[PDB]
Amino acid sequence: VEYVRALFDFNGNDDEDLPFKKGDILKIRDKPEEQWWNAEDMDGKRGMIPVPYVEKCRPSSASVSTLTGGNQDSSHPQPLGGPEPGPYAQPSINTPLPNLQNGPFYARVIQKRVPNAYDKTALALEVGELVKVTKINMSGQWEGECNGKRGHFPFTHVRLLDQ
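Parameters and conventions
- Residues numbered from 1 in each chain as written, not as in the entry; some residues may be left out.
- Heavy atoms only, no water.
- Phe/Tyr/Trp six-rings, centres within 6.5 Å; stacked < 30°, edge-to-face > 60°.
- Helix = DSSP H or I, 4+ residues; strand = E, 2+ residues; numbered from the N terminus.
- Buried < 20%, exposed > 50% of the residue type's maximum accessible area, 1.4 Å probe, protein only.
- Domains from an automatic or database assignment.
- Contact = heavy atoms within 4.5 Å.
- Buried area = accessible area lost by both parts, 1.4 Å probe.
- Salt bridge = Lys/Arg side-chain N within 4 Å of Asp/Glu carboxyl O.
- Pairing = 2+ DSSP bridges.
- Axes fitted to C-alpha atoms, helices over the stretch in contact; angles between N-to-C directions.
- Core = buried A, V, L, I, M, F, W, Y, C linked by side-chain atoms within 4.5 Å.
- Polar contact = N/O pair within 3.5 Å; in protein donor to acceptor, adjacent residues only side chain to side chain.

### Here we look at the packing of aromatic side chains
At step 1: A full pass over the atoms with the stated rule returns five aromatic pairs.
At step 2: Measuring from centroid to centroid gives 5.4 Å for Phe 10 and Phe 20, while their planes differ by 50 degrees, and the two rings are tilted. Of this pair, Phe 10 sits in the loop between β1 (4–6) and β2 (24–30) while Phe 20 sits in the loop between β1 and β2, placing them ten residues apart in sequence.
At step 3: Among the residues examined, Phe 10 registers a relative accessible area of 9% and is labelled buried.
At step 4: Here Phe 10 and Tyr 53 contribute two aromatic rings whose centre-to-centre distance is 6.3 Å and whose plane-to-plane angle is 80 degrees, an arrangement assigned as edge-to-face. Of the two residues, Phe 10 sits in the loop between β1 and β2 while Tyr 53 sits in the loop between β4 (46–50) and β5 (143–145), which places them 43 residues apart along the sequence. In this structure, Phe 10 and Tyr 53 share a single accessibility class: buried.

### What to know about the domain arrangement of the protein chain
At step 1: Taken domain by domain, the protein chain consists of domain 1 (1–57) and domain 2 (88–163).
At step 2: Relative to domain 2, the C-alpha centre of domain 1 lies at a distance of 22 Å.
At step 3: Residue-level contacts link nine residues of domain 1 with twelve residues of domain 2.
At step 4: With both sides pooled, the region where domain 1 packs onto domain 2 buries about 880 Å², and carbon together with sulfur makes up 50% of that total.
At step 5: Looking at the side of domain 1 facing domain 2, the largest losses of area belong to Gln 35, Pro 52 and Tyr 53, adding up to 57% of the total buried there.
At step 6: Inspection of the region where domain 1 meets domain 2 yields one salt bridge.

### Points about the sheet that holds β2
At step 1: Reading across from one edge, β1-β2-β3-β4 is the order of the four strands in this open sheet, with antiparallel pairing throughout. Each end of this open sheet is capped by a strand with a single partner; those strands are β1 and β4. Adjacent strand axes in the sheet meet at a mean angle of 55 degrees, parallel and antiparallel pairs treated alike.
At step 2: Sheet topology note: the β1/β2 ladder contains three bridges and is antiparallel. Among the inter-strand pairings, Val 4 is bridged to a residue of β2, identified as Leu 26.

### Some points on the pattern of salt bridges
At step 1: Within this structure, the stated rule accounts for five salt bridges.
At step 2: A salt bridge links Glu 2 to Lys 27; the shortest N-O distance between them is 3.8 Å. Taken together, the residues span a long stretch of sequence, with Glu 2 in the segment before β1 and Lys 27 in strand β2 at a distance of 25 residues.
At step 3: You can call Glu 2 partly exposed: its relative accessible area is 31%.
At step 4: Overall, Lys 27 belongs to the partly exposed group, its relative accessible area being 43%.
At step 5: A salt bridge links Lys 135 to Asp 9; its shortest N-O distance comes to 3.0 Å. With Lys 135 in the loop between β4 and β5 and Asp 9 in the loop between β1 and β2, the pair connects residues that are 126 residues apart, well separated along the chain.
At step 6: Judged by its relative accessible area of 17%, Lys 135 falls in the buried class.

### Focus on the nonpolar core
What tends to happen in soluble globular proteins is that the nonpolar side chains get buried as a cluster.
At step 1: Core analysis: the largest hydrophobic core is formed by 28 residues, its most contacted members being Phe 20, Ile 49, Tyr 53 and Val 131.
At step 2: Every element with two or more residues in this core is listed here: β1, β2 and β3 (36–40).
At step 3: Apart from the residues within four sequence positions on either side, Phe 20 is in contact with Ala 6, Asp 9, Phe 10, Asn 11, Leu 26, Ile 49 and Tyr 53.

### Examining the side chain of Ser 75
At step 1: Note on placement: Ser 75 falls in the loop between β4 and β5.
At step 2: Looking at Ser 75, its side chain comes within polar contact range of the main-chain oxygen of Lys 120, at 3.3 Å.
At step 3: A distance of 3.3 Å separates polar atoms of two side chains, one belonging to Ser 75 and the other to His 152.
At step 4: Setting aside anything within four residues of it in sequence, one finds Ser 75 in contact with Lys 120 and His 152.

So this is what it looks like as structure tokens:
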């Protein structure tokens, strides 16, 4: 309900963010939006936080483990011939993952397939859908989340919304 647990690590960095790492318990103070929530550290520090990076602290179903013991390792590339280190002639910077990514916001996937959280964890979506990328490690192949269906995929086929 109120306080939440961050088991996705955030390790932010700013005055308007609440960096954490280690099932930290952060109390909610103000939630202007639904995707983001203003939390407070256990020390007395207030900073924003990506909601998806926490569970919500609310039991109901069995097996709380949302992924405990997954595959932090990224999937190998399918394309052969190194098409390009970035997107096609894009006068903009719609490059894969710039840094941390503005999100977890709302991305409009315009080019994917039909994978199974088994194949390579690769979430399942369709051109004209949208996923909320939350997990972001490297600046290339990271992970995301739509309807729980987490996985990986290049940002070279999405159109970030207006949040």
